[PDB]
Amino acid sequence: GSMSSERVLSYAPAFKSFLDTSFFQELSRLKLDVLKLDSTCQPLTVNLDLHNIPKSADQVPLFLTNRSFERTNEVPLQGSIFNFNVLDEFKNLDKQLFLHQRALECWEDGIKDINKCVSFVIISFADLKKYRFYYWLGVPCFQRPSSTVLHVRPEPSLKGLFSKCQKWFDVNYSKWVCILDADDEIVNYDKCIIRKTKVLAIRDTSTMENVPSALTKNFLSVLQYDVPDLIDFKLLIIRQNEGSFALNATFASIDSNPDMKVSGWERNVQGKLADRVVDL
């Protein structure tokens, strides 16, 4: 396209993982109870603090501790850990196929309730003999159709809505999305309202200037499924800092059973796609 001030929206990784020693200690203890199993999936819960993100950070920290296996304004995030008791299976796991499965779960949940399409997953092998723990964190982010992108330009005339959205999100800690109804009241997402009102606000987890979390992809994929003829709409990226921004948005295709593009494995310190090792 060539509209002035228009760009294709780009994204940032949703979270940065911090796994405390206590997480691995609990993992070790629990593994001893499942040695006869080839693999297990156990639910995890982390509470996100979107109000106190370090200035040095690019996105909200995801803190995992022993307690993850079990405050004000915090946002609960559900995930799971898949533990592999056979090293060869962990090493040879098809990580694209695996994250695609996780994304399809999120998609299936999301088309029933858009607020339930967010998760994280850890894959792990715990070498209890050597006290070494190998893992990889993924956040399933899905773009469906794979070939539909979002063109945006700034819309600062909407900035007055930011403070109200901040407060709504604070109160509604289980929600990732809200919309305006026909009379500009902030309400829960409803696919029959949004088709008319065309204003969507998202609880963002990125702090990068003008670059929302990749989770935005999930919500936009659900939106397209719910309202297939939607082209133009307004998108508010809401942050609990000073950095919220509003976008005049337009779906376009660069190319009905559309493909789903999935991504979201966390990169290592070197910027590569590889699992991390913690040696205790």
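Numbers for residues come from their place in the sequence shown, where the first is 1.
- According to the entry, the deposited sequence has no residues without coordinates between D229 and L230, so the chain runs continuously there.
- The stretch of deposited sequence separating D255 from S256 contains 4 to 9 residues lacking coordinates in this entry.
- When 40-48 is weighed against 245-253, 40-48 comes out higher, by mean CA B-factor as recorded in the entry.
- In this crystal structure, the stretch out of 157-165 and 194-202 whose C-alpha atoms carry the higher mean B factor is 157-165.
- Of the candidates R132, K175, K112, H100, the deposited coordinates give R132 the top C-alpha B factor.
- Of all the options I237, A57, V222, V211, the entry's greatest CA B-factor is assigned to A57.
- Among all modelled residues in its chain, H151 ranks in the lowest third by Cα B-factor.
- The entry lists a Cα temperature factor for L87 that places it in the highest third of the chain's modelled residues.
- Among all modelled residues in this chain, the alpha-carbon of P13 has a temperature factor (C-alpha) in the middle third.
- Sort the chain's modelled residues by C-alpha temperature factor and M260 lands in the middle third, per the entry.
- In the deposited entry, the Cα temperature factor of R144 sits in the bottom third of values across the chain's modelled residues.
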